[PDB]
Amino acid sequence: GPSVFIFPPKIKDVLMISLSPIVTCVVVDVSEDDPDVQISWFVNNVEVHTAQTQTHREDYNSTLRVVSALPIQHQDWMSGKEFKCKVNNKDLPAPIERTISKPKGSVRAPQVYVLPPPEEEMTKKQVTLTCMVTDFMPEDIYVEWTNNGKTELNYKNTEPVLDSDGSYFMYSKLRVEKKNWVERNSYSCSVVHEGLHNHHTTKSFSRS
């Protein structure tokens, strides 16, 4: 029966010195008859014993789901270490292993632009600011908005798109009260990407 998926940490948890990047193995289709699952973790084939393995959550299908989260070192992800989880369970005719690492690839920092609202919107209750982030490799990226350091609630990012020169782009949209976009006020799109000096850039503007 059971199946295993492995997931990378968030690029922002890796780049930001104070955050904690985690690699995750998820075992699904664990039968309720045979709930016990043993999960072993390895970094460059060196076994480690630090994973939080969460009380095998229950699922609809009437199956169990096992989530094991290995906290890792920032340096280990970016240096290309291999993270491997090994999964044992009675119903497995033999252990399942999954491996993941950060792939080599070119690194290209994104260009970041903020676009003001379109003209016709200028007379609506809310307006919409757009952050356009283009030209970046690899595709892992984090984008958010603020206004004088207060991080904004109401923005949504698209997922990245493989552009035609093989780089990635994405857009981030922020809805704000028209009132704001006029009087004083500052809005900033912050982007975190490994190609950017000190990992981050923010682009700003307001009322023209």
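From 1 onward, residues are counted along the sequence shown.
In this entry, 180 to 188 shows the higher mean Cα temperature factor of the pair 180 to 188 and 194 to 202.
Legend: mean Cα B-factor per stretch from the PDB entry, 94 to 102 versus 113 to 121; the higher mean is in 113 to 121.
Residue-level inspection of the entry shows that, of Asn154, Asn44, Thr50, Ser40, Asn154 has the top Cα B-factor. Sorting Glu144, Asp140, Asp33, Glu159 by the CA temperature factor given in the entry leaves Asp33 at the top.
Among all modelled residues in this chain, the alpha-carbon of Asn88 has a temperature factor (C-alpha) in the lowest third. In the deposited entry, the Cα temperature factor of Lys173 places it in the lowest third of its chain's modelled residues. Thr130 sits in the middle third of its chain by CA B factor, as recorded in the PDB entry. Compared with the other modelled residues of the chain, the Cα B-factor recorded for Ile17 ranks in the highest third.
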